[PDB]
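Working notes for the structure below.
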Amino acid sequence: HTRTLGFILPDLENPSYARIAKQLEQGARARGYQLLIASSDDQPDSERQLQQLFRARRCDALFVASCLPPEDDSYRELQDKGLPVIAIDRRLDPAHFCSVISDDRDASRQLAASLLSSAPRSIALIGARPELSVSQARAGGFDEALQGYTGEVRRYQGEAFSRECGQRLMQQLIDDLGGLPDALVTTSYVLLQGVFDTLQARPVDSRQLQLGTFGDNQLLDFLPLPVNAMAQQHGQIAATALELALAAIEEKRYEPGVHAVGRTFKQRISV
Amino acid sequence: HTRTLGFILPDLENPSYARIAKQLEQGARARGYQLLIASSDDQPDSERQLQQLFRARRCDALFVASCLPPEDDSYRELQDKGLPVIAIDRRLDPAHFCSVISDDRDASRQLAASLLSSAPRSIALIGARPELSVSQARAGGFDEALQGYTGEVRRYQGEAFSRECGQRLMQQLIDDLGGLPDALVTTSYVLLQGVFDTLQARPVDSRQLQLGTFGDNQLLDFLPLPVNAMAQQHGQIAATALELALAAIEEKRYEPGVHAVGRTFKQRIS
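Residue numbers (PDB author numbering), protein chains in the order written: chain B, 60 to 330; chain A, 60 to 329.
Set out below in structure tokens:
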């Protein structure tokens, strides 16, 4: 026993992971545990390197937002050797791992529906890493809200949750529609940032779409362009994950399954 | 040789530290090293517990943005035991420790001057943790820039670099002046967040003022209100800090002193 917990996350610059990591560290500290954080940069080989690191380090439990393929069984190996693995944000196999996540599919359905109110002629989804369960959920909720929709629908899912990817996809979208869509949902705030870059390159008067995104940002309150946002309850995510970790460590309780926490709706678009 | 580096930082939610950590991680990986990150919350006792951690992990080198007093010699002991300790952002005793920091005094001078050039009738500084060298440098630069200025000046220094502190300080400032200051410098983007919270509560027509800050954010480009920003050169700081780490680990050379890296001026105010 080391009384240390590890957290592998995809991106240190993603404010949601930072917030969760901070909430975890605080809660852990009150329980007598230290938190060690490492970033995979959403690269599968980096994550595998971190796996070996946290195993040799002998952390009492490992929190992880994985970027690995579901076919990969590396975490099963670690678990079989006695390491408690708690998934965060990105679910691991519900038959073998405990995961704490946001209720993304329903969040996405409401998000898209909130834009559909204005009767848009065209609507698009911009996302990334389509293979991930988190991405499938958000694309899934988006489709669900489109039932009975007769307008133009486009889905663009890039290679990374990055600003530049969002910028590239927005361009490709604009180039493909011959203009802005009436409405747009981004599956991640960082992707929205790229969208803003693309919009800024255009003349001032062609930038008036209905916008919705996952995650949130304070400065959205000051944007002339209103953006609806679905934010994580980071505090509850961390508190749930930690309690699950400690039960596995201290009570040897561990039940596979997904624990979903609702997102909060931040509406800035007048309805 | 564990092939792992440690990084102790004050605040995971502070974009400046997250950026440097990310760059350090990326740089370390290219040299065959893994980076483990931990947060102190700027709490001295939390930081001390973390010391034991990278003490036990036996990391090859430890990066740290410390919140400990100058009287505290805990880092001295760790160094004597053979651990390369590299300060980042917050300098440690230049007589014994190597530190990579930003050119804060100069940056703060230029930042404040940029606001003064528009002839404000009042100007304020919002900062935190006045005892820190980084805070003295930024407050000092502000003061140098204001030499000869005959308008109203206010200096509010809070207890933490946090959004809530920034909010409280902005509230006290507005009550003090009986309104918004014409110009304002915040010593940390995190404090600026709290300032933005206070402005948000005011009518849309009552949010105009000359604004300058350390740190930066993309959306600052899109606001109807331009904000001058002194961005940290996160990549350069990481590279320099990394170079010093490896030179210590692999070549045993360790030379105390301060390596200052200049900031990037985003002059959004015409």
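Each residue gets a CB set at the ideal place from its N, CA and C atoms; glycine is no exception.
Taking 7 Å as the cut-off, the beta carbon of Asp152(A) is found no closer than this to the beta carbon of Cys126(A). Cα atoms of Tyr76(B) and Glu84(A): separation of roughly 16 Å, rounded to the nearest angstrom. At a cut-off of 7 Å between C-beta atoms, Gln252(B) counts as an interface residue with respect to chain A. Here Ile296(B) is near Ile79(B), since their CB atoms are less than 7 Å apart. Judged by DSSP secondary structure, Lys81(B) falls within the alpha helix (DSSP H) whose first and last residues are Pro74 to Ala89. Taking a C-beta distance under 7 Å as the contact criterion, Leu71(A) and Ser98(A) qualify as a contact pair. Chain A places no beta carbon closer than 7 Å to that of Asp202(B), leaving this residue out of the contacts. Contact annotation: the region 267 to 274 of chain B does not touch the region 203 to 211 of chain B, with fewer than three C-beta pairs closer than 8 Å.
The Cβ of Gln93(B) sits closer than 7 Å to at least one Cβ of chain A. Proximity to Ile182(B) across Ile67(B), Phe201(B) and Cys118(B) peaks at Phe201(B), based on C-alpha coordinates. Residues of chain B whose Cβ lies closer than 7 Å to the Cβ of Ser105(A) are, in chain order, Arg88. In the three-state reduction of the DSSP assignment, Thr257(A) falls in the helix class, which pools H, G and I. Secondary structure in the region 113 to 143 of chain B: the beta strand (DSSP E) runs of 3 residues or longer, each lying completely within the stretch, are 120 to 123 in chain order.
Selection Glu218(A), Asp234(A), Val263(A) and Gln138(A) evaluated against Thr246(A) yields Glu218(A) as nearest (Cα-Cα). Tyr313(B) and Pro74(A) have their C-alpha atoms roughly 35 Å apart. The criterion of a C-beta distance shorter than 7 Å is not satisfied by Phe66(A) and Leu112(A). Taking a contact as a CB-CB distance under 8 Å, the pair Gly238(B) and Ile185(B) does not count as one, their CB atoms being some 16 Å apart.
With a 10 Å radius around the Cβ and a threshold of 16 neighbouring Cβ atoms, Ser161(B) comes out buried.
In this structure, the straight-line span from the alpha carbon of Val317(B) to that of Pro285(B) is close to 33 Å. Assignment of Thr323(A) by DSSP, reduced to helix, strand and coil, places it in the strand class. By the neighbour-count criterion, in which a residue is buried when 16 or more other Cβ atoms sit within 10 angstroms of its Cβ, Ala171(B) is buried. Among the residues of the region 279 to 309 of chain A, those with a Cβ less than 8 Å away from any Cβ of chain B are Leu279, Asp280, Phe281, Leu282, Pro283 and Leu284, in the order of the chain.
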